[PDB]
Amino acid sequence: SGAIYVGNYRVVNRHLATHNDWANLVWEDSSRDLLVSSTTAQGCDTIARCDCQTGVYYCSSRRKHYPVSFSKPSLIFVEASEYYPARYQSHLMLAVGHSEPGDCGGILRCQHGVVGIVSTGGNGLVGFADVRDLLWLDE
Ligand SMILES: NC(=O)[C@H]1CCC(=O)N(c2ccccc2)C1
Ligand SMILES: [Zn+2]
């Protein structure tokens with residue numbers, strides 16, 4: 001689990017979105033596993049605006065943060081789960097690391113701010129849904 005809180009927005013994994021997230025929907029993209037809902041309280045997370053390929057992510061199944069090198073956002077084949085059939089997920093970044101289903105929502109951060117959230121895993125890889133291209137989150 002986990003979310004990003006920036007301005008009047010909440011960013012979550014689309015497959016973990018709640019009834020309240022869907023009742024206050026701003027934007028969702030199934031191909032990216034992202035959903036953004038509106039909030040009444042102001043969030044103070046900072047989104048990174050950069051092309052970093054190194055950062056640190058939180059892994060709840062280890063209660064640890066790990067430093068990782070990750071690929072640039074791209075279209076990557078993702079195995080089927082209970083939430084989606086096997087498909088290409090877009091705007092996904094991969095790194096070598098640990099990720100279980102419950103790790104989704106953990107934040108990946110660089111020196112500039114939040115880069116994305118854990119969205120995929122298995123086979124010793126961890127995949128993060130990028131949020132750096134969503135410039136509107138800042139206004
Ligand atoms: N983005 C996705 O398609 C998610 C769907 C649900 C799910 O549990 N995914 C997953 C995450 C970590 C390890 C193993 C699988 C992938
Ligand atoms: Zn950066």
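In each ligand, atom 1 is the first atom listed, and ligand 1 is the first ligand listed. Throughout, residue positions are numbered sequentially from 1 according to the sequence presented.
For ligand 1, the atoms closer than 4.0 angstrom to any heavy atom of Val78 are 3 (O). The contact set between ligand 1 and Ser99, taken as ligand atoms under 4.0 Å from a residue heavy atom, comprises 12 (C), 13 (C). Which parts of ligand 1 touch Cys104 is read off a 4.0 Å heavy-atom cut-off, strictly below it: atoms 11 (C). Atoms of ligand 1 lying under 4.0 Å from any heavy atom of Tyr84, numbered from 1 in the order shown and given with element: 2 (C), 3 (O), 5 (C). For ligand 1, the atoms lying closer than 4.0 Å to a non-hydrogen atom of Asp33 are 1 (N).
Side-chain N/O atoms of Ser119 and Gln89 include a donor and acceptor closer than 3.5 Å.
To the nearest 0.5 angstrom, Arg14 atom CZ is 11.5 Å from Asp21 atom CG. Summarising the geometry, atom CZ belonging to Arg10 is positioned 9.0 Å from atom CG belonging to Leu35; distances are rounded to the nearest 0.5 Å.
The two residues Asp45 and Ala3 have their closest heavy-atom pair at OD2-O, 4.5 Å. The nearest pair of heavy atoms linking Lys64 to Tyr58 is O-CD1, 3.6 Å.
Residue contacts with ligand 1 for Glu100 involve N, CA, C or O but no side-chain atom from C-beta outward (heavy atoms, distance under 4.0 Å). If you look at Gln89 next to ligand 1, the close heavy atoms, those under 4.0 Å, all belong to the side chain.
For atom 2 (C) of ligand 1, the nearest non-hydrogen atom from the set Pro85, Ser119, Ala86, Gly127 belongs to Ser119.
Between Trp136 and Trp27, the two ring planes are perpendicular [angle over 60°; tilted spans 30° to 60°].
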Worked check of side-chain contact (heavy atoms from CB on, under 4.5 Å) between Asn8 and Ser38: CA-CA 6 Å; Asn8 289 304; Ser38 60; 5.6 Å; no
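When the N, O or S atoms of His112 are ranked by distance to the Zn ion (ligand 2), ND1 comes first.
In this structure, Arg87 is part of the shell of residues with a heavy atom less than 4.0 angstrom from ligand 1.
Partner of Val114 under the side chain to side chain contact (heavy atoms under 4.5 Å, CB included) criterion, chosen from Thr46, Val6, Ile47: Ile47. For the side chain to side chain contact (heavy atoms under 4.5 Å, CB included) with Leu108, the lone residue among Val126, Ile117, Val68, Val118 that qualifies is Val68.
To the nearest 10 degrees, the angle centred on the Zn ion (ligand 2) between SG in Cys52 and SG in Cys50 reads 110°.
At the shortest separation from atom 14 (C) of ligand 1 among protein heavy atoms lies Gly121 O, 3.7 Å. Remark: minimum distance from atom 5 (C) of ligand 1 to any protein heavy atom is reached at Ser81 OG, 3.4 Å. Scanning all protein heavy atoms for the shortest distance to atom 8 (O) of ligand 1 gives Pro101 CB, 3.5 Å.
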